[PDB]
DNA sequence: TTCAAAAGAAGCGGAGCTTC
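So, in structure tokens, the structure goes:
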């Protein structure tokens, strides 16, 4: 109550009166914010924050005094102090630009003079900054404390924002641009991942500014001002940065790409500092000075990151105690620099790292235009990765003499799907380059005898890094394969690394020696293996060799196998038993390992299996159209085009069709996760086109090396055996492209029909500019869709089983129906509140609701059970942050541009999201969380969602714990969890309360195609309750299967490599039984257990 | 309709329709 005179004492001269019922100009800053109970920011109360902080940053002594700490970060030395001095001089220029822009704004259209007359311009979308100005003679001026504090925030953001941005994928870019995901032009995604959208830039900037202001939002102030003022400030700071060239604004015209797309979309990119700029060694000095509890910082020694209370971007959802425990365990792990890898990276040098692991130096005219763009994006990813690692090493180097002795902690958070994600773009969990330089793994091994376990472990890690598939063969067979590699092809690289580990020197042909020796095995962890093997060779005491080399306990087809175990709800089938065996669940085979399975029982994993099913399904398709020669020819051309450019499609001379497990890897995965067939066809086409674009660079590179080469030899020389032999491949290519782009298959009445597009590919090929775009991509996609993907989809269903497919449909419908009601009720209750506000004279259209009001509405939906609980996890599928609820601008810059949509935390339609949320969450999500908190939880690992890096000392026990954690997560019942929540929803939902658009969306999920048209509320309600029943039955089934599976002897090795499977000790023995006998026995127990329930 | 985060710009006027 007396908070009023409290924030007034601090800002006594802001224009206007802090009373919403006052008649003149009202000051919405003092209305929106309060002094906090405990200090959040050290600039609160300061009359000149830029001056005060500049002085604080001017010496180590003055910094320590300002932050009230006895010692400052040692990275804050002389060179870095000088760079921050210069950056403080620059913040003064930003402050100066901001002041001139306010002056321009007050003058134009006499806004200042009208504001002075009583016009409420501080409530316009452009005028919310007038809430932090002060009267100055005949005009107004910024309150200096707020302006400068905001500039300090602007500077910190400028320093570290790019390194904290989300990665954008194809789907993201498709949503942003409004362009179909399957039709995105090459490198467009790259351009958008390189920039920030307006929303992206402004929201992160607004966050920082509001945090530096160090105040609390008033629960009863309108969001229009609580989000609005800091956003308006952010917008002006972005605008200033564009003037100063700290940020480059590029307005990307979508009509240059797709001619009827009228969206123009702004992209903002922060001008990078030099890699060797001292400030990179310590880029958080301002943050750590301004904030009492800084966010951005590195964690050295026993400085442990705090544990997040809520899910990542889901403040409505508290991390459960079990989850918090898991975050605590992972944050506690110490990581250490492996000096030799760092020294290797440095000695190779950024340029050679790029030549080796990226695209090297691009000759933009030996390159096809589209190929050149993926090449850029490849370099980008490696180079930022390199620079980021080296910035971190620069700060670690200051902490101590020996960088390998400095312990490093990483912050983590639980995501929406229950995964423990390391914060930051470039860390060990997320960046392969960094993963081999900063490691939690470490062991002291006795490698003096090649016959002991320590050496075997060592071999296992070398071989897995060297791309030998170690889960498919026993340790012994692995050992021999590794030896053949080390003694053969890898030897000259090994010799080179031996020398490197002696003199510190690399030859000038280092890239060629590495590249040649490694071939397709090339990777960052391979470089580690060559390093560790050569370090071993020259080691003085082999009996105590110290190494961070790891073995990853890696999930075998983890997602699909989890789904099959978690949500198959029928009787047991022998196909299921055989298939689930491919993912490490073995029945009646005590101690059986994945290595033994693959070597003696079944060499086909789930990917191979579906590929084989696709071959059958392709056969069936070719038969139903056996006489249709145009259709036969069209399938032949697709298969030919794939054969020409993809390694996984083999066409032999017999016409024989061999398909490798690889083509099915992504399509199997994303299919279980709700992906439609069209999106799959697109990705397939995208890999075909990518290889073609590449081959076009191969042409230019052979046309320059011998301008007499024939076209066919330039394009297919490296792929053919002769001159005329290459000629027929060129003939296949041109023919395939011709027929696949001029003719598409369409489904009519259940039958495929060929149709002309009239936009077939015609013309002499120009290898530099050559581009499949538009109506031709779509054509390829249509062919890919009906002749390959649809058979593949059938293959997948036959593989993972139709029961699973059925569960996931029901899960999808239920969570979708639920999210539709939530989203629609939320929007309506919002409109009801806004209709009240219109009677309030203090309220203006644009102010929107208060947080308290929004919280009330969010709470009024609890009886619809928006959350899903498991006991250890909480999922909020509908949860989102969107612009559709407020549907209005939040603020603009002082030039009437940079219009930021008012985004509100609110439920939105799930789509198919319920599927991967529950699968990933109760699958690998639950498993890793279990692995982190279980009794005897493995220490010193790096967990990467479905795989775990383990030090060579602990590979046996950690692996067994991992398979035990798998078993624990297989006791889960996600469909039950959805059931519990959906049934509560079903007894509180009023379907008549819904808008017609929401009522129609529900019809789509709950009804067959026919009943949609004109169905009553009671129709779609009766349908929505049918789904509940379906869920109830599935969940009852999963529950019993699980109990029954536990009564039987199981050996689980889903987290494979090491050969250490978990045994459940089921007492019922099913050894010496075929899958058919086993299925009969499990089903007997099933029907037994069913009658347990009834009676 | 795969998940892990959203997301057009800008004149005139003072919101929100409008044209690109």
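In UniProt numbering, the protein residues as written are 1003 to 2097.
C-beta: ideal position from N, C-alpha, C; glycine also.
Asked                                                                                                                                                                      : Found
By DSSP's criteria, residue 1411 is part of a beta bridge. Which residues make up the other side?                                                                          : 1301
Keeping to the same chain, check which residues put their C-beta closer than 7 Å to that of residue 1062; ignore five residues upstream and five downstream.               : 1074, 1078
Beta strand (DSSP E) containing residue 1688: first to last residue?                                                                                                       : Segment 1679 to 1705 is the alpha helix (DSSP H) holding residue 1688; no beta strand (DSSP E) there.
Looking at residue 1445: is its Cβ nearer than 8 Å to the Cβ of residue 1549?                                                                                              : yes
Residue 2103: buried (16+ other C-beta within 10 angstroms of its C-beta) or exposed?                                                                                      : Look at the range of the chain in this structure, 1003 to 2097, and you will see that residue 2103 is not part of it.
If we require 4 or more residues per run, which alpha helix (DSSP H) segments fall completely within the stretch 1558 to 1584?                                             : 1560 to 1569, 1576 to 1583
Three Cβ pairs or more, each shorter than 8 Å: is that satisfied between the stretch 1880 to 1893 and the stretch 1925 to 1933?                                            : no
Hey, could you find the ends of the beta strand (DSSP E) residue 1815 is sitting in?                                                                                       : Here residue 1815 belongs to no beta strand (DSSP E); instead the alpha helix (DSSP H) covers 1804 to 1839.
Among residues of its own chain, excluding the 5 on either side of residue 1592, which ones have a beta-carbon nearer than 8 Å to its beta-carbon?                         : 2051, 2053, 2065, 2073
Per DSSP, residue 1016 is paired with what?                                                                                                                                : 1136
Under the DSSP definition of a beta bridge, which residues are partnered with residue 1952?                                                                                : 1553
Using DSSP's beta-bridge definition, name the partner residues of residue 1464.                                                                                            : Paired residues: none, contrary to the question.
Skipping 5 residues on each side, what residues in its chain have a beta carbon closer than 6 Å to that of residue 969?                                                    : Residue 969 lies beyond the stretch modelled for the chain, which goes from 1003 to 2097, so this question has no answer here.
On a CA-only basis, which of 1834, 1793, 1942, 1576 is nearest residue 1410? Give me that one, please.                                                                     : 1942
Residue 1569 and residue 1135: beta carbons closer than 8 Å?                                                                                                               : no
Spatial neighbours of residue 1858 within its chain, please: CB distance less than 7 Å, with the 5 preceding and 5 following residues excluded, ordered by chain position. : none
Measure the C-alpha to C-alpha separation of residue 1321 and residue 1309 and round it to an integer number of angstroms.                                                 : 10 Å
Assuming residue 1388 contacts residue 1440 (C-beta within less than 8 Å), just tell me the rounded distance between them.                                                 : With 8 Å as the limit, residue 1388 and residue 1440 do not qualify as a contact, their Cβ atoms being about 13 Å apart.
Taking only runs that begin and end inside the stretch 1020 to 1097, name each unbroken alpha helix (DSSP H) of 4 or more residues, in chain order.                        : 1030 to 1034, 1051 to 1058, 1062 to 1068
Determine the direct distance from the alpha carbon of residue 1190 to that of residue 1699, and round the result to whole angstroms.                                      : 20 Å
How long is the line joining the alpha carbons of residue 1171 and residue 1684, rounded to whole angstroms?                                                               : 14 Å
In this structure, how does DSSP classify residue 1875 when only helix, strand and coil are distinguished?                                                                 : coil
Could you check the C-alpha separation between residue 1277 and residue 1393 for me, to the nearest Å?                                                                     : 8 Å
With three or more beta-carbon pairs closer than 8 Å as the criterion, would you say the stretch 1344 to 1355 touches the stretch 1444 to 1459?                            : no
By the DSSP assignment, the alpha helix (DSSP H) with residue 1116 in it spans what residues?                                                                              : 1113 to 1119
Can you give me the start and stop residues for the alpha helix (DSSP H) that residue 1977 sits inside?                                                                    : 1976 to 1988
Candidates 1552, 1887, 1651, 1663: which alpha carbon is nearest residue 1605's?                                                                                           : 1663
Compute the Euclidean distance between the alpha carbons of residue 1339 and residue 1401, then round it to the nearest angstrom.                                          : 12 Å
Hey, is the stretch 1732 to 1745 in contact with the stretch 1625 to 1642, meaning 3+ C-beta pairs nearer than 8 Å?                                                        : yes
Who are the near neighbours of residue 1498 in its chain, counting only those whose CB is closer than 6 Å to its CB and skipping five residues on each side?               : 1515
Excluding five sequence neighbours on each side, which residues of the same chain lie with their C-beta closer than 6 Å to the C-beta of residue 1944?                     : 1430, 1442, 1951
Expressed to the nearest angstrom, what Euclidean distance is found between the alpha-carbon atoms of residue 1622 and residue 1796?                                       : 11 Å
Measuring only the C-alpha atoms, how far is residue 1141 from residue 1228?                                                                                               : 25 Å
Going straight from the alpha carbon of residue 1737 to that of residue 1730, what length do you get?                                                                      : 10 Å
Compute the distance between the beta-carbons of residue 1849 and residue 1224, then report whether it is under 8 Å.                                                       : yes
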